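Here the structure is laid out as structure tokens; the discussion comes afterwards.
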Amino acid sequence: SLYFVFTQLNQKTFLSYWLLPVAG
Amino acid sequence: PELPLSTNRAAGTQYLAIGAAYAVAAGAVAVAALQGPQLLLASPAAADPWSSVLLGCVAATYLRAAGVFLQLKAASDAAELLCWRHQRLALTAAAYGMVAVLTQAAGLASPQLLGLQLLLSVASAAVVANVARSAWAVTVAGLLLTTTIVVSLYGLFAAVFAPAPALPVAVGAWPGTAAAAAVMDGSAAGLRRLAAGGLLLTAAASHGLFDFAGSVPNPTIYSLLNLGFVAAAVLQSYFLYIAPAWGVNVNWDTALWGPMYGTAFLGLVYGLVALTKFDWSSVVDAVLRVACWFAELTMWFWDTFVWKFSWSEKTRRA
Amino acid sequence: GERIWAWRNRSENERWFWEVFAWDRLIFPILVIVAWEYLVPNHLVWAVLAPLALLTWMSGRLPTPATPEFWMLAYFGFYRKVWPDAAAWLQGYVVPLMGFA
Amino acid sequence: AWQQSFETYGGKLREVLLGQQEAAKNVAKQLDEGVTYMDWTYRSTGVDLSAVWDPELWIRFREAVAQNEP
Amino acid sequence: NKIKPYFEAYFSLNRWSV
Amino acid sequence: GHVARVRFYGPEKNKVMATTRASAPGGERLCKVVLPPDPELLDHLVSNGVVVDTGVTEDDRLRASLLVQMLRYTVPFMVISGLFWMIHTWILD
Amino acid sequence: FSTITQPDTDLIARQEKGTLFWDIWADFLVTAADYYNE
Amino acid sequence: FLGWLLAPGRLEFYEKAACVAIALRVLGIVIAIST
Amino acid sequence: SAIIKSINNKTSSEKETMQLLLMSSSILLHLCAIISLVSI
Ligand SMILES: CC(C)CCC[C@@H](C)[C@H]1CC[C@H]2[C@@H]3CC=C4C[C@@H](OC(=O)CCC(=O)O)CC[C@]4(C)[C@H]3CC[C@]12C
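Encoded structure:
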């Protein structure tokens, strides 16, 4: 009965940030 | 306005008699494809193996047709030709003979074709007219059958709407004899229409089975026609599997062997769907199995060659 | 001070949106998926299979068709990296078996 | 036990290899040429391994294992 | 095998934010 | 005419591995050469009956190189950690 | 800030080996004692 | 990278550390069998 | 300068976007490197 929304992706780690500068 | 026992036994005799006639006809054209194609013709170009191969394919479709008639009988045990689906299947059995006489009206290649299929289809036509007046006065299986529907009906719509394709001239191929640089004969157009009529009969049979067993009224009676729906199909493929051995060319023409191999392989695949019983959630389980395996591979690859899981994840207590 | 009090009482939803929702659950996942699919050559092991494993490990739940992550992955990765080629593969290997060539 | 598996599969593999002996010596060249220059890895996996792989060291290792001179 | 349970459940949170 | 084959290898294909015929001093050997930018070498190679081989050259270049570069940057940390882990735990458990 | 204040190697080692030394061995020890029973 | 990793100073440190490691392992097992 | 000259020259308010993108990417790269380091 939730909504159609994302989850957090960074409550566990930080590695995902490594993806933004590289692509930039 | 139910069906009294008189009408029941009358339709029983009708269906059983014409289905036994269809089965005898299927055996007869089977042994015809066994020995020779000009058994049913009078034209000189009937010394060709592909004629006997298509003859065996119409024999397999006649096996299917006898099965359809005997399952008409099998439904006639509980007086079950008053459900609207059975009514539609009777109407499609009528349109079968109607488009058959339409196809011979577009061209008729054999007096034996006339005799045989006019006998069967006009008998069916009078029968279906009278039984319509009688009735009026009152998972991957689905994908399989509906795809056979689409493919067979498109084969019909492309086979009964065009006069004929043309065989490539192969410029300079023995300008004398050897039948090269010629036209297609009046001994194969009727062959194409007979193939199309068999494809339509098995199309309507598949539509009937599909919209009948959509509850997968009889969930288990079709086990009889199951035989007819699959075995011959596989046998069909066998013919085509010996087709390159006979040296008959099937790659050049479109409207003849395409639906041939398609429906034959689809019948073998329905034998599979009944053979291993895909739950429609079991292939999804195989998807999940391979996804879990690849996930366990990439987690190992990460923790070994990219960044340690002890480094990436936050630790607590301090 | 009085103006800040009245303004705080009427804008609780917008405040929580901008402080907790705007980046962490709206913009960052979009950016991360688009960035990953811009790199990462057009295979299936890289465009679909490893993204799912890493997304479930990070977010702590599998992306099902009920979630926006599954649909973003599907569209970008599958439709624009493997489909324009697996389409030719099926058009040259599996469609000949059926009736129409 | 491993020697029991060697002595079991050896006679079977020897005859199977001596049977063809024509692809079993071109599969050898294909495998060795693929392992020398790892130039197949990009379209196979997506990781172009040929940029950190050293053919000369591998060829030297093969020669030193074939002539037993380390 | 940290990830396996997420598929096994199928084939057979920063409280400071609220 | 003492070489049989050359194979241009490397991510930029400037090194070639050369196979020496039996007619060479020392028998058969495999010898690696780094070449200068000489625009006259290919003709000299073909017109003496040499089998030239070239790689697959992976046209994309910044998609062929991304993951291998990530590995070049991340693996030294794993090597250092594994070495130290071996000494400081695999012995004095 | 929150990364450089996590426990380092010493404290993580202390944690896991103390948890293997205290709450699996000593509880088996207590069960053994009050089954058998300065 | 390897020329820096296996430098003589790092080599001697590795050797001394491994020596003390094997020493303390065998000494701990000596005092543990001595119980 | 050659850096900024190139990104100005090769690629309606577009140069400012490219320059902001460059500066943000560079700052983020250095910060990600430092955090990843002290995460050991
Ligand atoms: C100012 C700019 C940055 C745009 C801001 C957009 C947000 C205010 C939007 C974007 C996504 C939206 C969400 C996307 C999907 C849904 C599900 C949808 O659910 C319903 O329809 C619930 C109906 C009810 O029960 O009243 C609407 C709410 C919600 C959470 C939305 C709430 C408003 C959000 C966060």
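These protein sequence lines are chains E, F, V, P, L, A, Z, C and R, in that order.
The first sequence runs 318 to 341 under the authors' numbering.
The second sequence runs 93 to 230, 260 to 337, 370 to 471 under the authors' numbering.
The third sequence runs 203 to 303 under the authors' numbering.
The fourth sequence runs 109 to 178 under the authors' numbering.
The fifth sequence runs 1915 to 1926, 1944 to 1949 under the authors' numbering.
The sixth sequence runs 388 to 480 under the authors' numbering.
The seventh sequence runs 1755 to 1791, 1803 under the authors' numbering.
The eighth sequence runs 356 to 390 under the authors' numbering.
The ninth sequence runs 1365 to 1375, 1385 to 1413 under the authors' numbering.
Note that CB positions come from ideal geometry on N, CA and C, so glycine has one too.
Thinking residue i and residue j are a contact (beta carbons under 8 Å), I'd like their distance in whole angstroms, please.
| i | j | result |
| --- | --- | --- |
| residue 188(F) | residue 321(F) | 6 Å |
| residue 249(V) | residue 279(V) | 4 Å |
| residue 166(F) | residue 115(F) | That pair is no contact at about 14 Å. |
| residue 374(F) | residue 216(F) | Actually they are not in contact, since the Cβ atoms of residue 374(F) and residue 216(F) sit about 21 Å apart, beyond 8 Å. |
| residue 263(F) | residue 335(F) | 7 Å |
| residue 442(A) | residue 400(A) | 6 Å |
| residue 360(F) | residue 1413(R) | The model contains no atoms for residue 360(F), which sits in the stretch where chain F goes from 337 to 370 directly. |
| residue 369(C) | residue 478(A) | Not quite, the Cβ-Cβ distance comes to about 12 Å (not below 8 Å), so this is no contact. |
Against chain G, does residue i count as a neighbour if the rule is that its beta carbon must be under 9 Å from one of theirs?
| i | result |
| --- | --- |
| residue 332(E) | Annotation note: the requested chain G is absent from the structure, which comprises protein chains E, F, V, P, L, A, Z, C and R. |
I'd like the span of the beta strand (DSSP E) that includes residue i, first residue to last.
| i | result |
| --- | --- |
| residue 395(A) | 390-396 |
| residue 1396(R) | Looking at the DSSP string, residue 1396(R) is not in any beta strand (DSSP E); the run it does join, the alpha helix (DSSP H), is 1388-1411. |
| residue 440(A) | 438-441 |
| residue 420(A) | 417-421 |
Report yes if the C-beta distance between residue i and residue j is below 9 Å; otherwise report no.
| i | j | result |
| --- | --- | --- |
| residue 423(F) | residue 184(F) | no |
| residue 118(F) | residue 152(F) | yes |
| residue 163(F) | residue 377(F) | yes |
| residue 313(F) | residue 396(F) | no |
| residue 390(A) | residue 409(A) | no |
| residue 277(F) | residue 330(F) | no |
| residue 385(F) | residue 156(F) | yes |
| residue 400(F) | residue 141(F) | yes |
| residue 299(V) | residue 414(F) | yes |
| residue 447(F) | residue 255(V) | yes |
| residue 230(F) | residue 214(F) | no |
| residue 233(V) | residue 450(A) | no |
| residue 1405(R) | residue 320(E) | no |
| residue 301(V) | residue 275(F) | yes |
| residue 227(V) | residue 323(E) | yes |
| residue 140(P) | residue 398(A) | no |
| residue 143(F) | residue 308(F) | yes |
Starting from residue i, trace the alpha helix (DSSP H) both ways and give me its first and last residue.
| i | result |
| --- | --- |
| residue 147(P) | Note, residue 147(P): premise wrong, no alpha helix (DSSP H); not H, not E. |
| residue 406(A) | Taken as a continuous stretch (DSSP letters only), residue 406(A) belongs to no alpha helix (DSSP H), being part of the beta strand (DSSP E) at 402-407. |
| residue 453(A) | 453-476 |
| residue 379(F) | 376-394 |
| residue 1761(Z) | Looking at the DSSP string, residue 1761(Z) is not in any alpha helix (DSSP H), and its letter there is neither H nor E. |
| residue 100(F) | 97-127 |
| residue 473(F) | As displayed, chain F neither begins before 93 nor continues past 471, which places residue 473(F) out of reach and without an answer. |
| residue 161(F) | 141-167 |
| residue 417(F) | 411-429 |
| residue 437(F) | 435-458 |
| residue 401(F) | Counting along the chain, residue 401(F) falls outside any alpha helix (DSSP H), and DSSP gives it neither H nor E. |
| residue 1369(R) | 1366-1373 |
Tell me which same chain residues have a C-beta within less than 8 Å of the C-beta of residue i, skipping the five on either side of it?
| i | result |
| --- | --- |
| residue 284(V) | 244, 245, 246, 249, 250 |
| residue 428(F) | none |
| residue 387(F) | 417, 420, 421, 424 |
| residue 421(A) | 401, 402 |
| residue 428(A) | 422 |
Spatial neighbours of residue i within its chain, please: C-beta separation below 7 Å, excluding the five flanking residues on both sides.
| i | result |
| --- | --- |
| residue 261(F) | 426, 431, 433 |
| residue 390(F) | 417, 418, 421 |
| residue 290(V) | none |
| residue 272(F) | 412, 415, 416 |
Starting from the C-beta of residue i, find all residues in its chain whose C-beta is less than 6 Å away, skip the five residues before and the five after it, and write them out in chain order.
| i | result |
| --- | --- |
| residue 239(V) | 278, 279 |
| residue 285(F) | 305, 310 |
| residue 160(F) | 326 |
| residue 410(F) | 403 |
| residue 259(V) | none |
| residue 148(F) | 125, 392 |
| residue 332(F) | 177 |
| residue 395(A) | 403, 441 |
With ligand 1 as the reference, list in chain order each residue whose Cβ lies under 7 Å from any of its heavy atoms.
320(E), 321(E), 322(E), 219(V), 223(V), 224(V), 228(V)
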